[PDB]
Amino acid sequence: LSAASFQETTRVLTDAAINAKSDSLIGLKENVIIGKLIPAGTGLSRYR
DNA sequence: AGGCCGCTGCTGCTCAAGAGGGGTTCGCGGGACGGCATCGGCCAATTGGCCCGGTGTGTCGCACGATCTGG
């Protein structure tokens, strides 16, 4: 997801489709894209 | 003379023209049917008038009369 949103979307998507890659949503960009709490600052589970 | 190991040039991807025939729609009307909507009566029913008939208790309109403050 992050690689596709950076640049060269077509190549990244056609490479990820063949390998059947699974995204675990650990970064900041993916959490921003799907619309949930980023895993930093006040979005950590230690504080909430 | 074929196979193969590199070079080297080239290219590509990405960031800034009528006519006939037939089933179907809808669109007007067109009226028929059934239905619910609108108008003289109407009497004896709860509330609320509207009073008789007793006093009393308590406000108000005024008489006798004492105390007190000012004049």
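Residues numbered from 1 in each chain as written, not as in the entry; some residues may be left out. Chains lettered and ligands numbered in written order. Part of a larger assembly, values for the part shown. Heavy atoms only, no water.

For this deposited structure, the header cites cryo-EM as the method used and 3.18 Å as the resolution.

The name given to chain A in the PDB entry is DNA-directed RNA polymerase subunit beta', with Streptomyces venezuelae as the source organism. Per the header of the deposited record, the title is "Streptomyces venezuelae RNAP transcription open promoter complex with WhiA and WhiB transcription factors".

Participant: Can you tell me about unusual backbone geometry, naming the residues and giving the values?
Facilitator: For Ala 20, which is not a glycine, the phi torsion comes out positive at approximately 55°. Within the secondary structure layout, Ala 20 lies in the loop between α2 (9-19) and α3 (28-34). Positive phi, close to 60°, is recorded for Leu 25, a residue that is not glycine. (Helix = DSSP H or I, 4+ residues; strand = E, 2+ residues; numbered from the N terminus.)

Participant: Run through a nonpolar patch on the surface, naming residues and quoting values.
Facilitator: Taken together, the side chains of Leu 1, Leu 25, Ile 33 and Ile 34 present a nonpolar region at the surface, about 340 Å² in accessible area. Examined against the element boundaries, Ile 34 turns out to sit in helix α3. (Patch = residues over 30% accessible without salt bridge, like charges linked within 9 Å, V, L, I, M, F, W, Y side chains within 5 Å. Areas by Shrake-Rupley, 256 points an atom, 1.4 Å probe, with all protein chains shown as cover. Salt bridge = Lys/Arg side-chain N within 4 Å of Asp/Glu carboxyl O.)

Participant: Any details on the side chain of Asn 31? Residues and values, ideally.
Facilitator: Mapped onto the fold, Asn 31 is located in helix α3. Judged by relative accessible area, which is 4%, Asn 31 ranks as buried. At 2.3 Å, the side chain of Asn 31 forms a polar contact with the backbone oxygen of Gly 27. If near-sequence neighbours (up to four positions away) are discounted, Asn 31 is found in contact with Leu 25, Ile 26, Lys 36, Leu 37, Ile 38 and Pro 39. (Buried < 20%, exposed > 50% of the residue type's maximum accessible area, 1.4 Å probe, protein only. Polar contact = N/O pair within 3.5 Å; in protein donor to acceptor, adjacent residues only side chain to side chain. Contact = heavy atoms within 4.5 Å.)

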